[PDB]
DNA sequence: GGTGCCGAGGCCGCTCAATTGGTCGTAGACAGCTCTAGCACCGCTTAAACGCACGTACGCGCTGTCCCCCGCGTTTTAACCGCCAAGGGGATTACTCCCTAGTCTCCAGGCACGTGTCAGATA
DNA sequence: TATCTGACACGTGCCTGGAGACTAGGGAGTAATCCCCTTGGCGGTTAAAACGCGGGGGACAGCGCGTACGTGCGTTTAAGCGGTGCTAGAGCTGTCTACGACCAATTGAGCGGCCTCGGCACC
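Chains as they are written, first to last, in my numbering: chain A, 65 to 161; chain B, 65 to 161; chain C, 440 to 518; chain D, 440 to 518; chain E, 107 to 127; chain F, 107 to 127; chain G, 523 to 616; chain H, 32 to 126; chain I, 7 to 103; chain J, 7 to 103.
Written as structure tokens, this is what we have:
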């Protein structure tokens, strides 16, 4: 049964507390982002703990948004999450405004 | 036509910007509220400016909450709002915690 | 029974201003409950403010400070 | 070319951690979009912080300061 | 050698307007 | 004699990932 | 019997310089006063925190400029720092 | 010359040995507790300073700190907080 | 000669200087900070006043009311982002389709 | 004789007094404020540490990990209301049931 | 089952700050007095809330029809560990320069109090 | 269209706030050096990301209904203007004794650098 495996993996991922995103792609992405905000005549370096802290904050925010949009999708008498659910969640959250 | 009357009332109440709650019942309610906050032998007296400011703030907060509840009801493909929509809006808002 | 001071036409007009077309029969109770909770919090903060200053009259400055400390800045009354 | 480092296995793992039983095909794009927006905001704040002090290396102190100024305090990384 | 004495209850859901009682 | 200089745009819907273009 | 100071005359002069024939009420004046006071307080605390971050004990124009860039949005701060630098180079011409 | 860092690890370890004589603690937990107590101290100090400046006063006393801890912490926690604070201040003033 | 006329600014300079010096912000105060803050505040005030005047003239009015200020605030994205958690007394909500 | 021993506390008092002095909070600092703040901080630290120790002993574990801290924080309504916007590094999330 | 890896936990010194005592500028607690908006009551009338009756309209349950995530199988590109290595730069220490708090003296600037005056409500 | 009302706008008085000059002392900018960390590449290697295909549980459209909701009118109650009176409390002012900042000495307090020792996965 797919639902049994789904609940099993949900419990397994909720019991764990480690990261779920690779480090090299995230580092390359944050390097590209910090290069987009910096002029060409200089370059900014990065430490090791700062990237880890930023990644932790990003994963926390993403998990919160995913939980909120899952609750919103469950409110609509369905299990599958849609883009409109996340849109309305981000709109009613009031952040970034 | 009920829809025409509803739209006309919506337009009329969106154009206006005056108070919408009576002053004497609101004052009696806030007095009964502040009565059981302090002790018994002594009480406090209220001014008109503070009362009207609190009334305007509460009106704005209730208008925002009702707008969020209306959006949540529209998300479920229906016009009539319910208490479940307001509860979900309060839960997603994250305030009071 | 002072919480009954908020009549049904007032809540209906508030919902109309907010944009609600149809209202059920269980919205008024939740509206009164959330209004009472918000009032309780704000009035508790204001009474704390006016009691620190060993006074007996709650002014608009205390309510303004209580609204500002909770993240809802109010303009037009002071500050 | 670089936003593809968040392929759907990681997003699925994050959704399973969040308690999701079914994910559509149009969720990964918006997840990447909101992640990129949050990253742009935090990185702009951190770059401003590290440029005010006349430095060319971004430390964890500037990151946690920007996170606290935004409204999301982070514990465990000092400061 | 020291223990707390304050009351501790489960986290309440404010959106449902529960009562402590 | 004083006129605005910065550009003015309508409020963008950030929830729909709108761009300034 | 104790007088207070407000940003009424300056705001009125700025409005008269912007629009030659336009009035104002007491509510709008109080709103603008509260707004400018809140903005000044925000910028001041931001500059103070930024100076305390780098173990500094002075508030120069660099700290205020960085606080303005960190508080105001993109175009708003871009114009504000330009106006501030212009005013600084105009006042320094002695 | 390596400068010394002002942390609260010793007092946290002391109160831990006072509460749990067998339970230890890691380094990340120590850093988390230090950041938490620093944030709480900063919040209380800022609230007390603002509340003292509101009353056009230039002196911060026990009343300002009491009002600040009563406003910041919830009532159930603030009760025991002000109780312990009054006990400590009266024990200090007794000698 | 006042310091405000030397830098070509309408808002005062010594008043805000004393305000930020007596506000318990730092041990010492620079020389270019008060003029910079005065210029920033004057620019913001001029911008919001021009917006309010334009909103009032659009409605063939001769005086500025809080409704015009609320409309000018809600009709700008940057002003709405700066004052997202700020309410205006006697301003009301803006109409929508 | 240290003031901490006279007050019967454990957290330092001289350090808190020096911080309140050179923290740019006020021109004058009282004598009963540092001991009060020290007692409050000690009480809060002892409470949260006892909660974390109980949470760690529940899992028959000797060392304290951030997971135990998160479990102790998220299981108390008072601490959840006090710490509602902060995030714990490597603390995970609460299970659904 | 023996053993190496690694993170807590207890010494050994060692240095920069809390204590102590004495002095002097100062500030708000207290007592005093004066003036005002909050409190309670009265008369009354018309805007507005209330209860009862009923057509209606749409939220919901049921049915049926598509249909696209999901798991299984096979193939593969990059994540990471260990090792290599140069150098840009943060931290630290001296050093000479100058910005501003302090004090004193002198003088213009905006707030509170009169005095109009026209848009709007009323007849 | 003639007449009454109120909030906005312009004129005085002047005193507390704003402006100008000399001093010196600690704070910020400028040079100079070192060593922790970072960027960039290579060998490998398997864990994990990529892609094709079947079928079934889940999403979406249409239909019947019946029960809650808005519309319409008689009727009762409490909002609000407006006086009238009372007064506890807000607000400004004079005294001065006790609480707090500053300066010299110093010593017991808290942190950086060894050394040890138990928990655990390993072969």
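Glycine included, each C-beta is placed from N, C-alpha and C at the ideal position.
- Judged by beta-carbon spacing, residue 85 of chain B lies within the 8 Å limit of residue 449 of chain C, meaning their Cβ atoms are closer than that value.
- Collapsing the DSSP output to three states places residue 34 of chain I in coil.
- Using a Cβ-Cβ cut-off of 8 Å, residue 126 of chain A counts as an interface residue toward chain D, since at least one Cβ of chain D sits closer than that to its own.
- Cβ contact annotation for residue 442 of chain D (same chain, cutoff 8 Å, sequence separation greater than five): 471, 475, in chain order.
- When DSSP states are grouped into helix, strand and coil, residue 596 of chain G belongs to the helix group.
- Taking the C-beta atoms as reference points, residue 51 of chain J is found no nearer than 8 Å to residue 15 of chain J.
- Residue nearest to residue 60 of chain I within the set I:94, I:11, I:74, I:87 is I:74 (criterion: CA-CA distance).
- Cβ contact annotation for residue 95 of chain B (same chain, cutoff 6 Å, sequence separation greater than five): none.
- Residues of the segment 441-467 of chain D whose Cβ lies closer than 9 Å to any Cβ of chain H: none.
- 120: these are the residues of the segment 109-120 of chain B whose beta carbon lies less than 7 Å from some beta carbon of chain I, given in chain order.
- DSSP, read as helix, strand or coil, puts residue 145 of chain B in strand.
- Runs of the alpha helix (DSSP H) lying entirely within the segment 80-124 of chain H and spanning at least 4 residues, in chain order: 93-103.
- Within a 10 Å sphere around the beta-carbon of residue 56 of chain J sit 16 or more other beta-carbons, which makes this residue buried.
- Minimum Cα-Cα distance from residue 70 of chain H among the listed residues D:444, D:446, D:503 corresponds to D:503.
- Collapsing the DSSP output to three states places residue 115 of chain A in a helix.
- Annotated as distal: residue 497 of chain C and residue 129 of chain B, with beta-carbon spacing of 8 Å or more.
- Secondary structure of residue 497 of chain D (DSSP, three-state): strand.
- Annotation: residue 22 of chain I to residue 506 of chain C spans about 26 Å, alpha carbon to alpha carbon.
- Residue 64 of chain J and residue 149 of chain B have their alpha carbons spaced roughly 38 Å apart.
- Of A:81, A:91, A:93, A:67, the smallest CA-CA separation from residue 459 of chain D is found for A:67.
- Look at residue 512 of chain C here: in three-state DSSP terms it is strand.
- Spanning the alpha carbons of residue 98 of chain J and residue 80 of chain A requires a straight line of approximately 7 Å.
- Residue 94 of chain I: member of the beta strand (DSSP E) spanning 92-94, first to last residue.
- Residues 79, 80, 83 of the same chain have their beta carbon placed closer than 8 Å to that of residue 91 of chain H, with the five preceding and five following residues left out of the count.
- Here the alpha carbons of residue 86 of chain J and residue 80 of chain J stand approximately 6 Å from one another.
- Note: residue 545 of chain G is bridge-paired with I:69 in the DSSP secondary-structure output.
- If you compare the alpha carbons of B:153, B:154, B:158, B:135 with that of residue 461 of chain C, the shortest gap goes to B:135.
- For residue 82 of chain I, there is no enclosing alpha helix (DSSP H), since its DSSP letter is neither H nor E.
- Cβ-Cβ separation between residue 112 of chain H and residue 100 of chain H: approximately 5 Å, consistent with a contact (criterion under 8 Å).
- In the DSSP assignment, residue 109 of chain B is bridged to C:496.
- Residue-level contact check: residue 160 of chain B touches chain E, since one or more beta carbons of chain E fall below 8 Å from its beta carbon.
- When secondary structure is reduced to three states using DSSP, residue 525 of chain G falls in the coil class, being assigned neither helix nor strand.
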